[PDB]
Structures are given as C-alpha cells and as structure tokens.
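Presented below is the structure to which this report refers.
FYI the Cβ positions are ideal-geometry reconstructions off the backbone, even for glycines, and counts take in every protein chain you see. Nothing in this text is a laboratory measurement; each read-out follows from the coordinates by a stated rule.
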Amino acid sequence: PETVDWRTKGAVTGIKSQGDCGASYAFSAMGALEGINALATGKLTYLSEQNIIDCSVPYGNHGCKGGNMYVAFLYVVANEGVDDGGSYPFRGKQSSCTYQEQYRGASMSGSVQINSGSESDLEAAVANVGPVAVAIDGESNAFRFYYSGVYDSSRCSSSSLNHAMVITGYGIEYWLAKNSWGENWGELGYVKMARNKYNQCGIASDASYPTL
C-alpha cells in the first residue's frame, strides 16, 4: 500500500512524555511491542516503560541515562514478560524493580533486526508486520524544536544516533514516527521524517521489532 498508519488497526496508544528521563530506548521498545501485541491479540494494552527502566540494568541498559531497544527486548524475553502501564506507571526516574507476574501485559520470544540502512526492508516490516522501533540522529535544533511538516535535514548523520522512537506508518515521501516528548511537540507528538532519502538521520540503521 501507498500509506499505512497502524491506528487504522487500533495498534497504537496515545503519546507519552519521558519527562527529564533519557529513556527513549524504553518508550520506543514498548511501543513496537504494544503494536505487535494489539494486532495479534486484537486488544491494545498500554505497556510499562518504567518496568524496562527499573529492571533492565543487568541486561546492559542505563536506567534513565540511556540504553538500547535490543537490550530491552532481551530483558522482556529473559524475564518472560513485561508489565502494563496501568499497574507499573511512569515515575519519571529510576525506581526499585517492582516487576509483578500478576500484571504481565505481554511476552515475547525474540526480535528481528532490519538490515542496516535498508528502507525498503523497513517499509516491508512496517506494512506487513507492524510498528517498528528505530533510532535516529535528533541532534539538530530543528528536531529538538520540530513543530510541523516533513523533517528533511541537511546536517543529519546516518550512523551516530541519539534518540529512539516508533515508526507507526509512512506516506506521501515520509515515515510517520511517534515520539515520547508528549503531545505539545511535533504534530501531536508525531514527526514525519524523510523517506527514501538514502537513510536520512539513520532511520533504518538500527530498526527492530519483537516477535510473539
């Protein structure tokens, strides 16, 4: 298809704000999982980024100071589940791990990594599977203060990436990415990024999604 948006399938939750906590990895990872789960199960369940922040330090994440999607997925697989938000809510900072099995919202068996730099493989993932976790270069003041339109940056790097989000669709040529800086940033917390511009901002350098 020429354009998808996974809200069409009820596979995307509201926009979140990570506050002053540097945990996009978590928000980005949970976002893909929420989608995959909502598609399969038919019910959208909000999942807990706080769970990932508190409990994935031993898998090699840094709580509120940063981390990866991969390492968040390993935690989910090894811990055989992630709690949902309702019962494990965002506090804005690293707290004790209160992971409880009774509130396990979702589980998974692995992650598929999209071939680094390939946007046609990325589109194929997004169209045929679901929302895909990505990371980008959001260094620019233009990104930091993006408000509307298609982001099409000349200064963007395709290798050293500093911010993670969920691709929830694409259209016309852009990607539709969901950020976690709350609803007052971008287009309702969304950004439309440049599609098929030879991997601008490294959108397809480190894309993945979970299996379940």
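Tabulated values for the structure
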quantity: Mean separation of Cα contacts under 8 Å (6+ apart) over length of the range 39-97, as relative contact order %; calculated: 47 percent
quantity: Computed magnitude of the charge dipole of the chain (debye, nearest 20; Cβ of K, R +1, Cβ of D, E -1); calculated: 240 debye
quantity: Leading residue at positive end of dipole, the chain (Cβ point charges), from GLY66, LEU44, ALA207; calculated: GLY66
quantity: Long pairs among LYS43/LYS93; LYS43/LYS178; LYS65/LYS192; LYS43/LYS65, criterion Cα-Cα beyond 30 Å; calculated: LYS43/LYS65
quantity: Stretch gain in nm, segment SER148-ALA40, where the contour uses 0.36 nm per residue and the Cα spacing is subtracted; calculated: 35.6 nm
quantity: Inter-site label distance for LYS65 and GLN102 at 7 Å from Cα along Cβ, in nm; calculated: 3.4 nm
quantity: Gain in span if fully extended, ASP5 to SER160, counting 0.36 nm per residue against the direct Cα distance; calculated: 53.0 nm
quantity: Mean residue ellipticity (222 nm) of the chain, computed from DSSP H runs ≥ 4 via -39,500 (n - 2.57), nearest 500; calculated: -6500 deg cm²/dmol
quantity: For a label point 7 Å along the Cα-to-beta-carbon line of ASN184, residues of the range 136-165 with backbone N under 15 Å; calculated: 145-147
